[PDB]
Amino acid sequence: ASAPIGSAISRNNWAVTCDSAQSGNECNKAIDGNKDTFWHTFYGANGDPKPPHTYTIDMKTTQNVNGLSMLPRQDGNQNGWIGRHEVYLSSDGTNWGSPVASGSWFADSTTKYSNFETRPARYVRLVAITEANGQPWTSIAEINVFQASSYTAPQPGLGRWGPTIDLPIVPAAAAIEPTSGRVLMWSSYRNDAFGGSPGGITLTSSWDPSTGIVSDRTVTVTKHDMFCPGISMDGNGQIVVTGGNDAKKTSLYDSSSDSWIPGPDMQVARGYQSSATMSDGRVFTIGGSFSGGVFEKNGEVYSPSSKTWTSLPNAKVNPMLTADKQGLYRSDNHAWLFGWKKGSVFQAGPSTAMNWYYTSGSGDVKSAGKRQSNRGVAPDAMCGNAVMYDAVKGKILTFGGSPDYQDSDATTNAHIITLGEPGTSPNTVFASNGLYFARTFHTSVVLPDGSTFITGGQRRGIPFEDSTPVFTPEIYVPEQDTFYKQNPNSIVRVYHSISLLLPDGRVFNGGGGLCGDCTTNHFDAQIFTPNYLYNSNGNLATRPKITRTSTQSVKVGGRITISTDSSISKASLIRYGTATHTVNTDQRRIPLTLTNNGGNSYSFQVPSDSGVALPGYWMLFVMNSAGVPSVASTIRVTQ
């Protein structure tokens, strides 16, 4: 089950309208309080007018709406279940504007919801674009609208939340499909649950930012339940999903052909591990005691070319273990991994001890010192985040987390780690004065301007519980070493939530839950539009356009020449990301030093060190003097 973010509005005075309503299934059957009566569009003798079908409500008075619920027919029949849909809010009953929520509701008889930022309105319109099985009907047993306690208009210059993307599953794991710009999401064997899985099946869901369509597909060809996996985009552009519910499986996702291909089994069964792409395109992983057993699981490396997993026993997991009260089950989880120079992988945390992992021979591990600062040694930060915002200067920003996986207080701790050559103890300092809000289970993404967007989480880690939630996201600005609070959202994003940077420079944040009958399952996501896509007036700014690219596939050290429609001041490459359980080892940013060829023509060189410029798919972004970024041009980097 799920839940609305506000309280139900009294449906007494209400006035309802429908496009079609067969006698006996009146428009008002939907707001009568009886779950055995339902509105139903024309059918049979009145014909079967196919969808879309519209349900409009005049609440008579103005209410601070923040959500709605739709209850399907409970008589045992499937006819009328809504699939694709949109939710509009109006003040006048003519001008509906943009949809506050849209997506696709799962095919079943459970109550569906649409939760979105509070917006005062008098009318509510639920459009049923499609029917869960392709039939011509729309039948709503009970429909409700919700209101928040009060309305506070967003503050100017602090970004905006919305719209809401309704999903058929709980996106506990996601990635951007680089060749198509689609958001791939997956839950487990069930749409809202992982517990009690027979293995070999994964429900996936996609969202196309261009078209706004939510489409789900069931994957069984890789015989893999991809819940709690390791995720890495290899040197060949394929996404490498490892272990989880099916602890030894490896599933590969090819963006080009939009298909899943079976991969070789890992040497050691794992779950909740972290995998990181190396400078040569291979994939390194270590830890992961959530599944496949609880014992010392050392590093191993996957080769895209030979399609093999090779064990690296001497790349010891031991030195990176936290002091979790639940022991090894949690202590080797979600390592903060970063692919670096000469096949090395840097482990920044969550453990206090940081280390260097080597992939030559049978592997090796070398101590890199402790995450610290003048404020002292930093404690184990399980489920804290790590983001490489300037790979060129080996800059990593770390923050949040707690001593233990759960029943542990979050910290406001934040550090700036500065990598050098593999083997040398990197420099670390405190980041400003830490986070505004202590949080764990939160998520982050590096933005085009190098700033890091931090959102969601709770003050105290309690999986599946929406307590002590932080609704105010923060953004760190490296040039000022300052954190800035942004406009708050209304949906709790804790355990099992994700965040990804979209090709358009906006943030996709969603999920949380995945606990079956719990009321904390969030089958949605929202879009955050940073202040950089707005001008002084609060309007959407004109974005520079990348009119030409000399090539879209470049070797490390190679050069690219572009043409824009206006003069650009800054440019940056951002590696496509994947996300789950606060881990994202794929995203990273590269600040570009531009050469002005004149006439709005520019050139730049991709870093020759593939350890900085990891192979795979990247996003090219250009910014004008105003700071407004263009949409991204996809560049494939190869070694």
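Throughout, we count residues from 1 along the sequence that is shown.
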So 490-498 or 374-382, which one's hotter by mean CA B-factor in the entry?
-> 374-382
Of the two stretches 17-25 and 624-632, which shows the higher Cα B-factor on average in the entry?
-> 17-25
Between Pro229, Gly400, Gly103, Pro198, let me know which has the highest C-alpha B-factor in the entry?
-> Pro198
Can you tell me which of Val612, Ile57, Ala579, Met70 has the highest Cα temperature factor in the record?
-> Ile57
Compared with the other modelled residues in the chain, in which third is the CA B-factor of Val429?
-> lowest
Taking the values exactly as deposited, rank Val606 by C-alpha B-factor within its chain and report the matching third: lowest, middle or highest.
-> middle
Chain thirds of CA B-factor: placement of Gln587 | lowest
Going by what the PDB entry lists, where does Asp404 fall on CA B-factor within its chain: lowest, middle or highest third?
-> middle
Would you please rank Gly134 by its C-alpha temperature factor against the other modelled residues of its chain and give the third it falls in: lowest, middle or highest?
-> highest
